[PDB]
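> what would the 3D arrangement of this be:
(chains A, B, C, D, E, F, G, H, I, J, K and L, ligands or ions: 4)
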Amino acid sequence: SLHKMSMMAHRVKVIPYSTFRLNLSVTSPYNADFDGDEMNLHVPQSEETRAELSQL
Amino acid sequence: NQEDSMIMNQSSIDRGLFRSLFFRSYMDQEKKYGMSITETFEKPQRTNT
Amino acid sequence: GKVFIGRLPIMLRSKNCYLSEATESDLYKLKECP
Amino acid sequence: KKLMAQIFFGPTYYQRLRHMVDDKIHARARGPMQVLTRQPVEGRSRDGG
Amino acid sequence: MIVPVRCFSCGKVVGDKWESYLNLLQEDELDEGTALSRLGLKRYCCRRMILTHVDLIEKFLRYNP
Amino acid sequence: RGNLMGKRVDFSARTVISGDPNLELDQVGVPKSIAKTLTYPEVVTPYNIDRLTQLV
Amino acid sequence: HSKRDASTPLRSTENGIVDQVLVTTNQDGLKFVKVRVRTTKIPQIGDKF
Amino acid sequence: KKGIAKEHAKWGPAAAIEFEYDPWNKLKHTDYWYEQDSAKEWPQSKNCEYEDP
Amino acid sequence: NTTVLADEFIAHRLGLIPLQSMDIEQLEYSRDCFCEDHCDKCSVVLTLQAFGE
Amino acid sequence: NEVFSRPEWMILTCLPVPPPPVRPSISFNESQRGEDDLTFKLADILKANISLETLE
Amino acid sequence: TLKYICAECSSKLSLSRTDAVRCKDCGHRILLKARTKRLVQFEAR
Amino acid sequence: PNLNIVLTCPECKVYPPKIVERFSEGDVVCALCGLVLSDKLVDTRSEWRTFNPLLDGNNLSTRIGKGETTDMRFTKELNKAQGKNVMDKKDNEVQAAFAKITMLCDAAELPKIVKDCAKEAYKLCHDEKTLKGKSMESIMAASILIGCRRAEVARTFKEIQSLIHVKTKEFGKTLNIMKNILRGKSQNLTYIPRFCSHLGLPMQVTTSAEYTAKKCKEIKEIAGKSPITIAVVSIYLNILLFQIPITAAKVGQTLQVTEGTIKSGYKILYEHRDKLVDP
Ligand SMILES: [Mg+2]
Ligand SMILES: [Zn+2]
Ligand SMILES: [Zn+2]
Ligand SMILES: [Zn+2]
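Numbering: from 1, shown residues only, chains lettered A, B, ... in the order given. Ligands and ions are numbered 1, 2, ... in the order given. Below is the structure in question.
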């Protein structure tokens, strides 16, 4: 995570089995591939940090 | 199967392809201290413990 | 006359190991993968 | 329907590596905290953060 | 470590063939590419299974219980 | 460096990622098993009270 | 007035059958035990080949 | 018990099901990769004989 | 089971053993019988004894 | 700065002893209630002080 | 008491608490634990 | 002051309460209403995961030496400033006891548990009018025998006497008080096998003696004045039941026993040969 596009805010969609799935285009900013890379998720705990995510 | 994913075949998984066994082994041991306090292998109850 | 001085950890299958000369059918007896 | 391209196709030795996903999925909301510093502990095994 | 029942890709039952195959190989001195075709394993998906199986269970059975 | 400038946090998850050509650019697929764990404290208002009653 | 328990639980995410349990004494004649647990891992979505 | 393959490959009564149509490529449903000549490099199907060239 | 195979290993091979199921409509999906999980109206029971002699 | 730093304060005369939380003990298995280093060095200071008090 | 089995002598043992961890017929010091009797259920999936 | 904390659901209050610790959430909850009583639980294994007060008490210690970045005009004075307070502490006689007995039990080829009981058995008595010196051996000679037997390994007095020459008398008086020291603070079977191995015999000859010696003990035959001897005769009883050359003369020096006690002890055996028939 060495630039601001390595942390973007997404919208949850709850799915079965245990991987995070993301669209393919978003993959080049994160600089990820699917050979076992893991990515972290942070949930905002307030009504206002939510809007910080969705809007910035 | 992009970016190094792959599609595997669900039927072949059902028939055994790449199944494996896993064996995790736990050790435990009871210690003596001064022949005064000495751990013990027993099944406890919520009444004495 | 001869004196104990301590113990030498042994490498497996070395000249001084019980297995060094054991035979296959014997390795199974000892439960060692040939 | 026939695919319009033709597929390269035949067997190939594949090995199953050690990194199963179930040993890696990890979540936490409000678990325990370290003692000295009182932040969440580390490590999936102990419900870290 | 023993004789898969059905071929992975294919489903064809193959686990009733190991002894017949070993014996074909051993008493009649066929080669595998012919032993196999005689058991009816025509698709190379099924040929893979028998041709390439490794009968480790024999080595396990040596350990006296 | 290790405790003030950055630290470990609650309300997070980490797992392996996969691709999905069927999620929008901004969605992320979250395993149901994880969504059951992470959590978001919502405030009971007139506009959701029954719906929140259902969840409870 | 008696005892605080020190049992060893299975991992928070594992399961499967106890495979074998053996009981011996360490060098110092202290009883100790080794439990082995067996699981079957079937290939899954995030697994590495 | 009674079940179907769609639920586990064990309840499946069929092994490989062959399937093929139009063995000459008359419908042009596939385009053949080749280096010099397609007709040489792609072997005729068995069925290629039940339809006239 | 004191063989050299694990149970779920053996149990998995038993699942793939193809059983005669010509007259299978005369059975019922085990979630349609009202038995305490299985009865002759919805399932067949086999058994296997083997001993190395 | 004569309110916040006299030079004569670079020479320690009293010593401030941090409370336990700065140096907590690891109460482990009812007798391995191990002690933090800062407790030790403090003991070792306090001894080496206690001695020298006599030796005069 | 509960059944046990020597590791090598392979004889059912049935010792109790505060008995020696030791095999009859060979003072072998390793015992297995004489698998359970209740049935156990697997799926052939 | 009483400085004490107790938890109880102030909205059930019914009990000394029914609460559970949900560790993985860092909570304690009233098992009835599920009100969470207190949170931010602090870990309990990670603490010592990153890592002797029964002996070293409260006067602590720390090994002080020389680092990479120090010349010998500072290093050796750390060896010359550490030496000023070794007599306010009797602890030299505390640690040098342990170090000595550690040097002993370890050189004696003993289980590291006995080492502790002797590291205890010193520390518990550690000064008494009964002790009042008494050569400072006999304790480290008995606190070991204590620490040995108290750790369920019994060794003969001669055996320790081999380790430490205690005049065999300073031992005895020191033992009696010592045992009673703990009684106020509050088993010859062990000899059969250690002997067989000393003769390098298979298990059955040793296996049998446990029956024979117990059976020879169980009915009659007080027999022996320090039953050490009448242990060995069971081997001699049973070795002759087998046919393995351990001729009496070889027995003696190997186990450092009188030969006379053997044959006369074997008198009560060449006549009692009736009831030891297991097979
Ligand atoms: Mg990668
Ligand atoms: Zn096939
Ligand atoms: Zn039924
Ligand atoms: Zn309550």
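
> CA only for contacts and neighbour counts going forward, please
Will do.

> pull up the gap between whichever residue of chain F sits closest to chain J and ligand 4, please.
Going by C-alpha to the nearest C-alpha, chain J is nearest to residue F:3 of chain F, at 14.2 Å. Using C-alpha to the ion, to the nearest Å, residue F:3 is found at 36 Å from ligand 4.

> which SS class is that residue?
Here residue F:3 is coil, with the state taken from DSSP: H, G, I helix; E, B strand; the rest coil.

> what is the burial count for it?
9 (other C-alpha atoms under 10 Å in any protein chain shown).

> also residue L:168?
Residue crowding around residue L:168 was assessed by other C-alpha under 10 Å; the count is 14.

> and the one 5 residues further on, by the same measure?
Each residue near residue L:173 was counted by other C-alpha under 10 Å, and the total is 15.

> residue contacts, residue L:134?
The contact partners of residue L:134, by C-alpha atoms under 8 Å, 6 or more residues apart in numbering or on different chains, come to L:170, L:174.

> if we go to 10 Å?
Counting by C-alpha atoms under 10 Å, 6 or more residues apart in numbering or on different chains, residue L:134 touches L:170, L:171, L:173, L:174.

> most neighbours, which of those residues?
Compared across those, residue L:171 has the highest neighbour count, 22 neighbours, by other C-alpha under 10 Å.

> give me the distance between the closest residue to residue A:27 other than its chain neighbours and chain C.
Counting by C-alpha to C-alpha, 6 or more residues apart in numbering or on different chains, residue A:27 lies nearest to residue A:33, which is 6.9 Å off, once chain neighbours are set aside. Noted for residue A:33: a distance of 41 Å to chain C, by C-alpha to the nearest C-alpha, to the nearest Å.

> what is the burial count for residue A:33?
Applying other C-alpha under 10 Å, I find that residue A:33 has 18 neighbouring residues.

> on that earlier part again, which single one of the contacts of residue L:134 is nearest to ligand 4?
If you rank the contacts of residue L:134 by distance to ligand 4 using C-alpha to the ion, residue L:174 comes first, at 60.2 Å.

> nearest residue to residue 24 in space, please, no chain neighbours.
I'll assume chain A. residue F:19 (6.0 Å).

> try chain E instead
Here the residue nearest residue E:24, using C-alpha to C-alpha, 6+ apart, is residue E:35, at 6.1 Å.

> hmm, residue A:24 and the residue nearest to residue A:27 touching each other?
Yes: Residue A:33 is within contact range of residue A:24, at 9.2 Å (criterion: C-alpha atoms under 10 Å).

> need the residues touching each of the two.
Common neighbours of residue A:33 and residue A:24, counting by C-alpha under 10 Å, 6+ apart, are B:2, B:3, F:18, F:19.

> now the buried members of those.
For the shared contacts of residue A:33 and residue A:24, a burial check counting by 16 or more other C-alpha atoms under 10 Å in any protein chain shown picks out F:18, F:19.

> could you report the neighbour count for residue 28?
Using chain A. Around residue A:28 sit 11 other residues, with neighbours defined as other C-alpha under 10 Å.

> wrong one, chain I
Residue I:28 is flanked by 16 other residues according to other C-alpha under 10 Å.

> look up how far ligand 2 lies from it.
30 Å.

> SS state for that residue?
Assigned by three-state DSSP, the conformation of residue I:28 is coil.

> check contacts around the closest residue to it other than its chain neighbours.
Spatially, and ignoring its direct neighbours in sequence, residue I:28 is nearest to residue I:42 (4.7 Å; C-alpha to C-alpha, 6+ apart). Residue I:42 makes contact with H:1-2, I:24, I:26-35, according to C-alpha under 10 Å, 6+ apart.

> run the last query once more with 6 Å
Contacts here follow C-alpha atoms under 6 Å, 6 or more residues apart in numbering or on different chains; on that basis residue I:42 touches I:27, I:28, I:30.

> show me what contacts the first one?
This points to residue I:27. Counting by C-alpha under 6 Å, 6+ apart, residue I:27 touches residue I:42.

> next, it: phi, psi?
The phi/psi pair for residue I:27 (degrees, to the nearest 10) reads phi -120, psi 180.

> any idea how far it is from residue I:40?
Distance of residue I:27 to residue I:40, computed by C-alpha to C-alpha, to the nearest Å: 8 Å.

> for chain I, give me its nearest residue in chain F.
Closest point on chain F to chain I, by C-alpha to the nearest C-alpha, is residue F:33, at 25.4 Å.

> what about the nearest residue to that residue once chain neighbours are set aside, neighbour count?
Leaving aside its sequence neighbours, residue F:33 sits nearest to residue A:18 (C-alpha to C-alpha, 6+ apart; 7.3 Å). If you count neighbours by other C-alpha under 10 Å, residue A:18 ends up with 24.

> from what I see, residue A:18 and residue F:30 are in contact.
No: judged on C-alpha atoms under 6 Å, residue A:18 makes no contact with residue F:30 at a distance of 7.7 Å.

> take the contacts of residue L:134 and write them to JSON lines, including secondary structure and distance to chain G.
As requested, these are exported to JSON lines (DSSP: H, G, I helix; E, B strand; the rest coil; distance: C-alpha to the nearest C-alpha, whole Å):
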{"residue": "L:170", "secondary structure": "helix", "distance to chain G": "30"}
{"residue": "L:171", "secondary structure": "helix", "distance to chain G": "26"}
{"residue": "L:173", "secondary structure": "helix", "distance to chain G": "30"}
{"residue": "L:174", "secondary structure": "helix", "distance to chain G": "27"}
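
> could I get the phi/psi values of residue L:22?
With angles defined as degrees, to the nearest 10, residue L:22 sits at phi -80, psi 90.

> and if you look at residue L:30?
Main-chain dihedrals, residue L:30, degrees, to the nearest 10: phi -60, psi 110.

> is it in a bridge, and if so with what?
For residue L:30, the beta-bridge partners are residue L:19 (DSSP bridges).

> am I right that the residue nearest to residue E:24 is in a strand?
No: Residue E:35: not assigned to a strand; according to three-state DSSP it is helix.

> how near is it to chain J?
Residue E:35 is 66 Å from chain J, where distance means C-alpha to the nearest C-alpha.

> how many residues are close by that residue?
Around residue E:35 there are 21 residues (other C-alpha under 10 Å).

> what's the answer for residue L:152, then?
15.

> against residue G:28, how distant is it?
In terms of C-alpha to C-alpha, residue L:152 sits 11 Å off from residue G:28.

> what sits closest to the residue positioned nearest the centre of chain E if chain neighbours are left out?
Geometric centre of chain E, nearest residue: residue E:50, 3.3 Å, by C-alpha atoms, centre = their mean. Computed as C-alpha to C-alpha, 6+ apart, the closest residue to residue E:50 that is not its neighbour in sequence is residue E:18, at 7.0 Å.

> now that neighbour: phi and psi?
Main-chain dihedrals, residue E:18, degrees, to the nearest 10: phi -70, psi -40.

> just give me the neighbour total for it.
Using other C-alpha under 10 Å, residue E:18 has 19 neighbouring residues.

> tell me how far it lies from residue K:23.
Distance, residue E:18 to residue K:23, using C-alpha to C-alpha: 42 Å.

> what segments of chain E are helices?
For chain E, the helices defined by DSSP state H cover E:18-27, E:32-39, E:44-52, E:57-62.

> winner for burial among those?
When the helices of chain E are scored by mean count of other C-alpha atoms under 10 Å in any protein chain shown, the highest mean neighbour count falls to helix E:44-52 (a mean of 17).

> thank you, goodbye.
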